[PDB]
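Spelled out, the chains give:
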Amino acid sequence: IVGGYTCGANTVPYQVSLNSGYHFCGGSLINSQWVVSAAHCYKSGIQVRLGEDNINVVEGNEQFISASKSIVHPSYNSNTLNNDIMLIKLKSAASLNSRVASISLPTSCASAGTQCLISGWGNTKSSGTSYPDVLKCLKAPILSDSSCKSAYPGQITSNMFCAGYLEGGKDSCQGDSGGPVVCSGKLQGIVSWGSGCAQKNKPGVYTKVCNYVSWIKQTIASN
Ligand SMILES: NCCc1c[nH]c2ccc(Cl)cc12
Ligand SMILES: [Ca+2]
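Residues numbered from 1 in each chain as written, not as in the entry; some residues may be left out. Chains lettered and ligands numbered in written order. Heavy atoms only, no water.

Per the PDB record, this model was obtained through X-ray crystallography at a reported resolution of 1.56 Å.

Here it is, written out as C-alpha cells:
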C-alpha cells in the first residue's frame, strides 16, 4: 500500500497472508474454512496465516493453517486478468474471535463514490521498494466505470472496477495482490492489477466480487 496508514494490530481481522516460505499475497477469510484471493496468487504449498500484524514476528494472535485445496475461477484468464479470483479451503477451521473474523460477501454491487478500505503488506513506494512488516490500510473510493475505462482503454471488463485516486499517490501495490477491498462492511473487491502503483491516471483495478457470489457459495457448498 502506497500513501496508506498503519492499520493497527488485528483491526482488519479478515485479512490473511498467504505464505509459501514468505508472504506473497493477501486474501480474505469468508468463513471458518475458506479464503478468497486473486487467481494470479495461485501456487501449491500455501500456508494461510490469520491474525497477523507483523508478518515477521510471532505476536500471539496468529493461526497458521495449510490449504487443503485451491480452486481458481474456471474462466480465469491470466493474460487479461478477467475473473481474477480463487478460493482456498483450509485443512481445518480457523478459531474465530475479535482478531480473526470472516468478512461478509456482498448482496449488492457497490456504486461509484462508495468509500472502501484496502489493506495489505505490499510495497509502500511508487518508485523503489520498501516492504512493511505490519499491515497497511488505505481508504479509497470506487471510481465510475467511465473514469476506469478512460484510464485503461480496452482493458476493463464488467468483472473489474477501479478504486483509488486519479491524482495518484495512494494505491495498492506489489504484495497487496489478493487482498481485500471492503466497503460498508462487505467484501467488494480483490486487489488484482494496475499500471504500476500510485501513478497519476492509473488507479488500481479490483476484481468485482459481487459478480462471483453464486460461484463462491455453490463452490463452498460442494467442496
Ligand atoms: N494497484 C496495483 C496492484 C498490483 C497488483 N499486483 C501488482 C504487481 C506489480 C505492481 Cl507494480 C502493482 C500491482
Ligand atoms: Ca506475526
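Colleague: Explain the coordination of the calcium ion (ligand 2) residue by residue, including any values.
Modeller: In an ideal tetrahedron of four donors about a metal, each angle is 109.5 degrees. In an ideal octahedron of six donors, the angles are 90 or 180 degrees. At 2.2 to 2.3 Å from the calcium ion (ligand 2) lie its protein donor atoms, namely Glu52 (OE), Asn54 (O), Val57 (O) and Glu62 (OE). Site description for the calcium ion (ligand 2): donor spacing in sequence, E-x1-N-x2-V-x4-E. In this structure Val57 comes out as partly exposed when scored by relative accessible area, which is 42%. (Donors = N, O, S within 2.8 Å, 3.2 Å for Na, K, Ca; no water. Buried < 20%, exposed > 50% of the residue type's maximum accessible area, 1.4 Å probe, protein only.)

Colleague: Describe in detail the nonpolar core, supporting the description with residues and values.
Modeller: Core analysis: the largest hydrophobic core is formed by 42 residues, its most contacted members being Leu18, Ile30, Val48 and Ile216. Counting only domains with at least three residues in this core, you end up with domain 1 (5–7 + 103–211) and domain 2 (15–102 + 212–221). In this structure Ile30 touches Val36, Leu87, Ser102, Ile103, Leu105, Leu187, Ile216 and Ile220, once residues within four positions along its chain are discounted. Core analysis: the next-biggest nonpolar cluster, separate from the first, contains 13 residues, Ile1, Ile118, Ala140 and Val181 among them. (Core = buried A, V, L, I, M, F, W, Y, C linked by side-chain atoms within 4.5 Å. Domains from an automatic or database assignment. Contact = heavy atoms within 4.5 Å.)

Colleague: For the sheet that holds strand β7 (residues 86–90), give the residues involved together with the corresponding values.
Modeller: Strand order in this closed barrel of six strands is β2-β3-β4-β7-β6-β5, and the pairing throughout is antiparallel. Mean inter-strand twist for the sheet, computed between neighbouring axes without regard to direction, equals 40 degrees. As defined by bridge partners, strand β5 (residues 47–50) adjoins strand β6 (residues 63–72) across four bridges and the pair is classed as antiparallel. Directly across from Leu50, in β6, lies its bridge partner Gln63. (Pairing = 2+ DSSP bridges. Helix = DSSP H or I, 4+ residues; strand = E, 2+ residues; numbered from the N terminus. Axes fitted to C-alpha atoms, helices over the stretch in contact; angles between N-to-C directions.)

Colleague: Describe the layout of surface pockets, with residues and values.
Modeller: There is about 190 Å³ of room inside the largest pocket. Lining the largest pocket we find 17 residues, and of these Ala110, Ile142, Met160, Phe161 and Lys208 sit closest to its centre. Those elements giving two or more residues to the lining of the largest pocket turn out to be α1 (145–151) and β10 (160–163). Top contributing element to the lining of the largest pocket by residue count: β10, with three residues. Split by residue class, the lining of the largest pocket holds ten nonpolar, five polar and two charged. In this structure, the second largest pocket spans a volume of roughly 160 Å³. (1 Å grid on protein atoms, 1.4 Å probe; cavity = no way out; pocket = protein on both sides within 12 Å on 5 of 7 lines; lining within 4 Å. Points joined across faces, edges and corners; volume = space filled by probe spheres on them. Nonpolar A, V, L, I, M, F, W, Y, C, P; charged D, E, K, R; others polar.)

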